[PDB]
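Asks: One structure, pasted below without further comment.
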Amino acid sequence: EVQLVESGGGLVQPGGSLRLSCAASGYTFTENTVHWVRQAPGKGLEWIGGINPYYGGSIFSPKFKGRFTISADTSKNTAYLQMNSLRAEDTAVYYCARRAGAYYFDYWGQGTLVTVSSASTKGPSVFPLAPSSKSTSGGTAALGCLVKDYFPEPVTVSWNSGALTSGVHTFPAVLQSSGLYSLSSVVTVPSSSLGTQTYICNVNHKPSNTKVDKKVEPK
Amino acid sequence: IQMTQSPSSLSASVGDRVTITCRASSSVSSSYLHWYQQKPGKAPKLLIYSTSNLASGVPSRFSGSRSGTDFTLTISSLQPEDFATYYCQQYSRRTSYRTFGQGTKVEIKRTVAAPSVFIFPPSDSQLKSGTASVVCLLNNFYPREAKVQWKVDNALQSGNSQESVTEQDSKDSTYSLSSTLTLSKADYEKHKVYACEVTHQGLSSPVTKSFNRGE
C-alpha cells in the first residue's frame with residue numbers, strides 16, 4: 001500500500017534547470033527519509049542525495065552538493081529534486097526511493113527520464129503495421145505500430161488501453177539519421193479474432209503532449 | 001568505500017546455482033550491505049537486506065552471506081523470471097553516504113528456438129507523407145544472434161536499415177528482433193519485390209518473407 005510516484009521529467013536545454021516530484025502515499029510521510037538515485041542509459045545506479053521530511057534537511061553526495069537541492073513539502077507528502085546547470089552527462093532515469101530499516105531502499109518510484117539536449121521536441125507520427133494473415137488463415141498473426149520521428153525519449157505504447165498484454169513486444173527505440181527516434185510495437189493474435197476484436201495502439205509521448213490512438217485494421 | 005562487483009554478466013541454465021560477489025573496500029558492517037534486483041525498464045526491487053535477510057515475498061532460493069571483505073548473493077535454483085541486473089548497496093555510518101556496485105546482468109541459457117518471421121509493407125498513411133518503411137519481425141527465438149538481410153528486386157541492401165532487439169523474455173527467455181528498411185516514396189515506388197531473409201542457429205535453411213508492391 002506504500003507508493004512513490006514520480007513526475008517532472010523531460011527535455012531540458014544544457015545549462016538549464018528542472019524540478020522533479022515524488023508523491024508518497026500509504027504511510028506517514030514524516031517517518032521515513034526520501035532519496036534520489038539516477039541511472040544513465042546502459043550504466044548503473046548512482047546515489048544523489050536524500051531528505052528527512054521531519055526536519056527538512058538533506059544530505060548530498062559530494063558530486064552533486066553544489067548543483068542540486070532537495071526540498072520536501074509535508075502537507076502534500078511530496079519530495080522535490082531541483083537540478084541546476086544541467087549538462088549532457090546528467091541525462092538519466094531519476095528515481096526516488098524510501099529508506100527503511102538498516103538504511104535500505106524498500107520502495108522505489110517508477111523513474112522519470114531526463115534528457116539534456118538543445119534539440120527541439122518532436123511529437124511522434126503513428127502508422128499501422130497491418131496484420132499479415134487474413135481472418136481465414138488458421139494460425140497466429142502479427143500486427144503492429146510504427147512510431148516514427150519523435151524526440152526525445154520516451155514514448156509509452158500500449159495495446160487496447162493496456163487490456164492486451166500477452167504476446168506484446170515493444171522494441172527499444174533506434175536513433176535515426178535525422179536525429180529523431182523511431183520504434184515499433186507488435187502483438188501476435190489469433191487470426192480468427194481479426195474480424196471481431198478491435199486492436200488499437202495507444203501512443204503517448206509526454207515531452208510534446210501527444211496522445212494518439214491508432215486503430216490497426218487488416219489489408 | 002568503493003564497491004567492486006563481479007562478474008559483469010553471466011549466463012546460466014534454469015535450475016543452476018549463480019553467485020555474485022561485491023567486494024567492499026574498507027570495512028562495512030554486515031547490517032549496511034543490501035542487494036537489489038532490477039528487471040528491464042523497471043525500478044530496483046529490494047531482494048536482500050543486511051547481508052542475509054530476505055525481503056518480504058522474495059523466494060528463498062535467494063540468499064546472501066559475507067566472508068570477510070567479500071559479500072555474496074546466491075540464487076540456488078535459477079528460474080527464467082530471475083533475468084535481471086543485480087546491484088549491491090552499501091551505507092556508511094560516518095558520512096550517511098550510499099554507494100552502489102556497478103551491476104551484474106544474469107541471462108538465462110535455454111534451448112535453441114527458431115524465430116517466426118513476419119513482413120509488414122508500408123502503410124498508405126505513411127506513403128502519403130513521402131516515406132516508406134518496410135518492417136521485418138523475428139518473434140521469440142534463442143540464441144540472440146540473428147542475421148536479417150534485405151533484398152529489393154533481389155538486390156542486396158546495406159546502410160538503409162536499422163534493427164532493434166528486445167531484452168530476454170521473463171517467461172520463456174527468448175528474444176525478438178525488428179528490422180526496418182526505409183526508402184523514399186520515389187525509390188519505393190520504383191521497385192516491386194521486397195523480401196527479408198533470415199538466418200538463425202535454429203534454422204537449417206534461411207527463411208524468406210516477401211511481398212510485391214501492389215497485391
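By convention in this document, the chains of the C-alpha cells carry letters A, B, ... by their order, each chain's residues are numbered from 1, and ligands are numbered from 1 in the order they are shown.
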Based on only C-alpha atoms, which of the residues in chain A come within 6 Å of chain B? I want them as a count of residues only.
Replies: 5
Asks: Give me the residues near range 193-195 of chain A as a VMD selection string, where near means some atom within 9 Å (using only C-alpha atoms) and where sequence neighbours in that chain fewer than 5 positions away do not count.
Replies: chain A and resid 131 133 to 135 141 217 to 218
Asks: Those residues with N, CA, C and O atoms, as a short mmCIF file (atom, residue, chain, number, x, y, z; two decimals), in the first residue's frame please?
Replies:
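See selection38.cif below for the written result:
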```
data_model
loop_
_atom_site.label_atom_id
_atom_site.label_comp_id
_atom_site.auth_asym_id
_atom_site.auth_seq_id
_atom_site.Cartn_x
_atom_site.Cartn_y
_atom_site.Cartn_z
N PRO A 131 -2.08 -6.42 -40.21
CA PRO A 131 -1.82 -7.84 -39.91
C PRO A 131 -1.45 -8.64 -41.15
O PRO A 131 -1.89 -8.36 -42.26
N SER A 133 -1.73 -12.21 -41.69
CA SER A 133 -2.69 -13.20 -42.14
C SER A 133 -4.05 -12.57 -42.43
O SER A 133 -4.34 -11.44 -42.01
N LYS A 134 -4.87 -13.30 -43.16
CA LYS A 134 -6.29 -12.99 -43.24
C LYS A 134 -7.02 -13.62 -42.06
O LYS A 134 -6.47 -14.44 -41.32
N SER A 135 -8.28 -13.23 -41.88
CA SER A 135 -9.08 -13.80 -40.80
C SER A 135 -9.40 -15.27 -41.02
O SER A 135 -10.05 -15.88 -40.16
N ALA A 141 -1.23 -14.34 -36.07
CA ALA A 141 -0.92 -13.26 -36.95
C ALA A 141 -0.19 -12.20 -36.22
O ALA A 141 -0.39 -12.02 -35.06
N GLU A 217 -6.15 -2.10 -38.79
CA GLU A 217 -7.12 -2.92 -39.50
C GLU A 217 -6.44 -3.74 -40.59
O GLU A 217 -5.39 -3.34 -41.11
N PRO A 218 -7.02 -4.90 -40.96
CA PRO A 218 -6.37 -5.76 -41.96
C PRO A 218 -6.29 -5.14 -43.35
O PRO A 218 -6.76 -4.02 -43.58
#
```
Asks: Could you pull out the alpha helix (DSSP H) residues of range 53-166 of chain B, going by DSSP on the backbone, and write them as a VMD selection string?
Replies: chain B and resid 124 to 127
Asks: Check the smallest atom-to-atom distance from each of A:40, A:203, A:212, A:180 to residue 155 in chain A using only C-alpha atoms, then report the winner.
Replies: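 With only C-alpha atoms as the atom set, the closest residue is A:203.
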Asks: DSSP says strand (DSSP E or B) for which residues of range 10-78 of chain A? Put them as a VMD selection string?
Replies: chain A and resid 11 to 12 18 to 25 34 to 39 45 to 51 58 to 60 68 to 73 78
Asks: Can I get the selection written as a compact mmCIF listing (two decimals), in the first residue's frame, with N, CA, C and O atoms?
Replies:
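That gives us selection24.txt:
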```
# COMPACT_ATOMS: atom_id res chain seq x y z
N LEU A 11 12.59 17.00 -21.49
CA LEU A 11 13.67 17.62 -22.24
C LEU A 11 14.06 18.95 -21.61
O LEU A 11 13.20 19.75 -21.23
N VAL A 12 15.37 19.18 -21.49
CA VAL A 12 15.87 20.43 -20.92
C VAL A 12 17.14 20.84 -21.66
O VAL A 12 17.96 20.00 -22.03
N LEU A 18 15.70 21.90 -13.87
CA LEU A 18 14.46 21.14 -13.88
C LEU A 18 14.16 20.67 -12.46
O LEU A 18 15.07 20.47 -11.66
N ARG A 19 12.87 20.51 -12.15
CA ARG A 19 12.42 20.12 -10.82
C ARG A 19 11.56 18.87 -10.92
O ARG A 19 10.53 18.87 -11.60
N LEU A 20 11.99 17.80 -10.24
CA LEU A 20 11.27 16.54 -10.21
C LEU A 20 10.50 16.40 -8.90
O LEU A 20 10.90 16.93 -7.86
N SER A 21 9.39 15.66 -8.97
CA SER A 21 8.49 15.47 -7.84
C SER A 21 8.31 13.98 -7.54
O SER A 21 8.29 13.14 -8.45
N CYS A 22 8.16 13.68 -6.26
CA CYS A 22 7.93 12.33 -5.77
C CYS A 22 6.79 12.40 -4.76
O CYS A 22 6.96 12.96 -3.67
N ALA A 23 5.63 11.88 -5.14
CA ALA A 23 4.46 11.84 -4.27
C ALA A 23 4.45 10.52 -3.51
O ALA A 23 4.46 9.45 -4.12
N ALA A 24 4.43 10.61 -2.18
CA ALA A 24 4.42 9.45 -1.31
C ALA A 24 3.02 9.23 -0.74
O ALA A 24 2.28 10.18 -0.49
N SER A 25 2.68 7.96 -0.54
CA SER A 25 1.36 7.61 -0.01
C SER A 25 1.44 6.24 0.64
O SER A 25 2.35 5.46 0.37
N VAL A 34 13.65 10.25 2.26
CA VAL A 34 13.40 10.01 0.84
C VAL A 34 14.63 10.43 0.05
O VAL A 34 15.11 11.56 0.21
N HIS A 35 15.13 9.54 -0.80
CA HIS A 35 16.37 9.77 -1.54
C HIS A 35 16.11 9.73 -3.04
O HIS A 35 15.06 9.28 -3.50
N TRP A 36 17.09 10.21 -3.79
CA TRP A 36 17.07 10.21 -5.24
C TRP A 36 18.29 9.46 -5.77
O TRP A 36 19.40 9.63 -5.26
N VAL A 37 18.07 8.63 -6.78
CA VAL A 37 19.10 7.80 -7.39
C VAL A 37 18.92 7.86 -8.89
O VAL A 37 17.80 7.66 -9.38
N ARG A 38 19.99 8.11 -9.64
CA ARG A 38 19.87 8.20 -11.08
C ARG A 38 20.62 7.06 -11.76
O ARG A 38 21.49 6.41 -11.17
N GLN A 39 20.26 6.82 -13.02
CA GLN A 39 20.82 5.73 -13.81
C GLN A 39 20.94 6.20 -15.25
O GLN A 39 19.92 6.35 -15.94
N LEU A 45 23.52 2.31 -11.11
CA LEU A 45 22.85 3.19 -10.16
C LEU A 45 23.85 4.12 -9.49
O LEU A 45 24.98 3.74 -9.19
N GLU A 46 23.41 5.36 -9.25
CA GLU A 46 24.25 6.38 -8.62
C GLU A 46 23.41 7.15 -7.61
O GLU A 46 22.39 7.74 -7.97
N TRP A 47 23.85 7.15 -6.36
CA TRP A 47 23.14 7.86 -5.31
C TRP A 47 23.38 9.37 -5.44
O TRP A 47 24.51 9.81 -5.68
N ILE A 48 22.32 10.15 -5.28
CA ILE A 48 22.39 11.60 -5.42
C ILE A 48 22.34 12.26 -4.05
O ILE A 48 23.25 13.01 -3.67
N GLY A 49 21.28 12.00 -3.30
CA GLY A 49 21.11 12.62 -2.00
C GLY A 49 19.76 12.24 -1.43
O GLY A 49 19.01 11.46 -2.01
N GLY A 50 19.47 12.81 -0.26
CA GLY A 50 18.23 12.49 0.42
C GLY A 50 17.78 13.60 1.34
O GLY A 50 18.54 14.51 1.66
N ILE A 51 16.53 13.50 1.76
CA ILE A 51 15.90 14.49 2.63
C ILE A 51 15.18 13.77 3.76
O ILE A 51 14.65 12.66 3.59
N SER A 58 18.78 17.86 4.30
CA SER A 58 19.14 16.94 3.23
C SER A 58 20.64 16.67 3.23
O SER A 58 21.44 17.55 3.56
N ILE A 59 21.01 15.45 2.85
CA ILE A 59 22.39 15.08 2.59
C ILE A 59 22.59 14.95 1.08
O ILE A 59 21.65 14.67 0.32
N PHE A 60 23.84 15.12 0.65
CA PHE A 60 24.19 15.04 -0.76
C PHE A 60 25.52 14.33 -0.94
O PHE A 60 26.43 14.48 -0.13
N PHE A 68 22.61 20.56 -6.99
CA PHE A 68 21.25 20.09 -6.78
C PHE A 68 20.79 20.44 -5.37
O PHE A 68 21.58 20.51 -4.43
N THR A 69 19.48 20.66 -5.24
CA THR A 69 18.84 20.81 -3.94
C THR A 69 17.70 19.80 -3.84
O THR A 69 17.16 19.34 -4.84
N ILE A 70 17.35 19.46 -2.60
CA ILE A 70 16.21 18.59 -2.32
C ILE A 70 15.36 19.27 -1.26
O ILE A 70 15.85 19.61 -0.19
N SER A 71 14.08 19.46 -1.57
CA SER A 71 13.15 20.02 -0.60
C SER A 71 12.02 19.03 -0.37
O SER A 71 11.86 18.05 -1.09
N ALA A 72 11.17 19.31 0.60
CA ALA A 72 10.03 18.48 0.85
C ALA A 72 8.92 19.34 1.31
O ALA A 72 9.14 20.28 2.01
N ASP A 73 7.70 19.04 0.90
CA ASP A 73 6.55 19.78 1.34
C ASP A 73 5.73 18.74 2.03
O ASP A 73 5.13 17.91 1.40
N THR A 78 5.11 15.34 -0.50
CA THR A 78 5.89 15.32 -1.72
C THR A 78 7.33 15.74 -1.45
O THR A 78 7.57 16.67 -0.66
```
Asks: Using only C-alpha atoms, which residues sit within 7 Å of residue 215 in chain A once same-chain residues fewer than 5 positions away are excluded, as a list in words?
Replies: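 The filter keeps residues 199, 200 and 201 of chain A.
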Asks: Quick check, in Å to one decimal: how far apart do CA of residue 179 in chain A and CA of residue 124 in chain A lie?
Replies: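 Distance between the two atoms: 13.0 Å.
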Asks: Residue 200 in chain B: which residues within 12 Å, counting only C-alpha atoms, same-chain residues fewer than 4 positions away excluded, as a PyMOL selection string?
Replies: chain B and resi 112-117+138-149+177+204-208
Asks: Save out the residues we just selected, N, CA and C atoms, as a PDB file, in the first residue's frame.
Replies:
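Contents of out_8.pdb, as written:
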```
ATOM      1  N   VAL B 112      17.864 -23.947 -28.073  1.00  0.00           N
ATOM      2  CA  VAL B 112      17.733 -23.161 -29.292  1.00  0.00           C
ATOM      3  C   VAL B 112      16.275 -23.102 -29.716  1.00  0.00           C
ATOM      4  N   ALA B 113      15.822 -21.905 -30.081  1.00  0.00           N
ATOM      5  CA  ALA B 113      14.473 -21.688 -30.588  1.00  0.00           C
ATOM      6  C   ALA B 113      14.558 -20.863 -31.862  1.00  0.00           C
ATOM      7  N   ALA B 114      13.928 -21.351 -32.926  1.00  0.00           N
ATOM      8  CA  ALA B 114      13.947 -20.645 -34.195  1.00  0.00           C
ATOM      9  C   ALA B 114      12.923 -19.508 -34.192  1.00  0.00           C
ATOM     10  N   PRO B 115      13.217 -18.408 -34.879  1.00  0.00           N
ATOM     11  CA  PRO B 115      12.293 -17.272 -34.889  1.00  0.00           C
ATOM     12  C   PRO B 115      11.107 -17.514 -35.807  1.00  0.00           C
ATOM     13  N   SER B 116      10.049 -16.742 -35.570  1.00  0.00           N
ATOM     14  CA  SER B 116       8.934 -16.650 -36.506  1.00  0.00           C
ATOM     15  C   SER B 116       9.034 -15.325 -37.248  1.00  0.00           C
ATOM     16  N   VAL B 117       9.026 -15.379 -38.575  1.00  0.00           N
ATOM     17  CA  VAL B 117       9.303 -14.208 -39.400  1.00  0.00           C
ATOM     18  C   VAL B 117       7.998 -13.658 -39.959  1.00  0.00           C
ATOM     19  N   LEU B 138      11.181 -10.709 -36.290  1.00  0.00           N
ATOM     20  CA  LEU B 138      11.607 -12.025 -35.828  1.00  0.00           C
ATOM     21  C   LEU B 138      11.076 -12.207 -34.414  1.00  0.00           C
ATOM     22  N   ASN B 139      10.255 -13.229 -34.212  1.00  0.00           N
ATOM     23  CA  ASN B 139       9.500 -13.391 -32.979  1.00  0.00           C
ATOM     24  C   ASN B 139       9.984 -14.614 -32.213  1.00  0.00           C
ATOM     25  N   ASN B 140      10.324 -14.398 -30.936  1.00  0.00           N
ATOM     26  CA  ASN B 140      10.588 -15.436 -29.940  1.00  0.00           C
ATOM     27  C   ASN B 140      11.625 -16.465 -30.378  1.00  0.00           C
ATOM     28  N   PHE B 141      12.907 -16.107 -30.317  1.00  0.00           N
ATOM     29  CA  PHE B 141      13.970 -17.016 -30.715  1.00  0.00           C
ATOM     30  C   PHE B 141      15.082 -17.044 -29.672  1.00  0.00           C
ATOM     31  N   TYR B 142      15.916 -18.074 -29.781  1.00  0.00           N
ATOM     32  CA  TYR B 142      17.128 -18.218 -28.987  1.00  0.00           C
ATOM     33  C   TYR B 142      18.095 -19.116 -29.759  1.00  0.00           C
ATOM     34  N   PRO B 143      19.400 -18.789 -29.750  1.00  0.00           N
ATOM     35  CA  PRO B 143      20.054 -17.654 -29.090  1.00  0.00           C
ATOM     36  C   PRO B 143      19.789 -16.319 -29.771  1.00  0.00           C
ATOM     37  N   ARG B 144      20.403 -15.262 -29.241  1.00  0.00           N
ATOM     38  CA  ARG B 144      20.087 -13.917 -29.695  1.00  0.00           C
ATOM     39  C   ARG B 144      20.668 -13.617 -31.073  1.00  0.00           C
ATOM     40  N   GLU B 145      21.798 -14.229 -31.416  1.00  0.00           N
ATOM     41  CA  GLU B 145      22.468 -13.935 -32.677  1.00  0.00           C
ATOM     42  C   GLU B 145      21.565 -14.281 -33.853  1.00  0.00           C
ATOM     43  N   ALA B 146      21.290 -13.290 -34.701  1.00  0.00           N
ATOM     44  CA  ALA B 146      20.437 -13.487 -35.864  1.00  0.00           C
ATOM     45  C   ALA B 146      20.903 -12.566 -36.980  1.00  0.00           C
ATOM     46  N   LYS B 147      20.651 -12.977 -38.223  1.00  0.00           N
ATOM     47  CA  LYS B 147      21.029 -12.186 -39.389  1.00  0.00           C
ATOM     48  C   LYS B 147      19.797 -11.929 -40.246  1.00  0.00           C
ATOM     49  N   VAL B 148      19.455 -10.654 -40.409  1.00  0.00           N
ATOM     50  CA  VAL B 148      18.372 -10.211 -41.278  1.00  0.00           C
ATOM     51  C   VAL B 148      18.990  -9.416 -42.417  1.00  0.00           C
ATOM     52  N   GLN B 149      18.765  -9.863 -43.648  1.00  0.00           N
ATOM     53  CA  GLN B 149      19.283  -9.163 -44.814  1.00  0.00           C
ATOM     54  C   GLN B 149      18.143  -8.809 -45.751  1.00  0.00           C
ATOM     55  N   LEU B 177      13.313  -9.464 -32.579  1.00  0.00           N
ATOM     56  CA  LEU B 177      14.094  -8.506 -33.345  1.00  0.00           C
ATOM     57  C   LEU B 177      13.200  -7.823 -34.369  1.00  0.00           C
ATOM     58  N   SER B 204      17.763 -24.391 -40.333  1.00  0.00           N
ATOM     59  CA  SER B 204      18.674 -25.190 -41.133  1.00  0.00           C
ATOM     60  C   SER B 204      18.816 -24.589 -42.505  1.00  0.00           C
ATOM     61  N   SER B 205      17.773 -23.888 -42.907  1.00  0.00           N
ATOM     62  CA  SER B 205      17.737 -23.179 -44.156  1.00  0.00           C
ATOM     63  C   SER B 205      17.188 -21.825 -43.827  1.00  0.00           C
ATOM     64  N   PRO B 206      17.687 -20.787 -44.488  1.00  0.00           N
ATOM     65  CA  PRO B 206      17.189 -19.454 -44.210  1.00  0.00           C
ATOM     66  C   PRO B 206      15.753 -19.301 -44.617  1.00  0.00           C
ATOM     67  N   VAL B 207      15.048 -18.471 -43.887  1.00  0.00           N
ATOM     68  CA  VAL B 207      13.650 -18.223 -44.138  1.00  0.00           C
ATOM     69  C   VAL B 207      13.499 -16.876 -44.803  1.00  0.00           C
ATOM     70  N   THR B 208      12.671 -16.813 -45.818  1.00  0.00           N
ATOM     71  CA  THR B 208      12.459 -15.578 -46.558  1.00  0.00           C
ATOM     72  C   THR B 208      10.990 -15.198 -46.503  1.00  0.00           C
TER      73      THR B 208
END
```
Asks: Within 7 Å of residue 121 in chain A, counting only C-alpha atoms, which residues show up once you throw out same-chain ones fewer than 5 positions away? Write them as a PyMOL selection string, please.
Replies: chain A and resi 151-152+207-208
Asks: Enter the distance from CA of residue 109 in chain B to CA of residue 173 in chain B, in Å, rounded to one decimal.
Replies: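 These two atoms are separated by 7.8 Å.
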Asks: What does the distance between CA of residue 126 in chain A and CA of residue 145 in chain A come to in Å, to one decimal place?
Replies: 6.7 Å
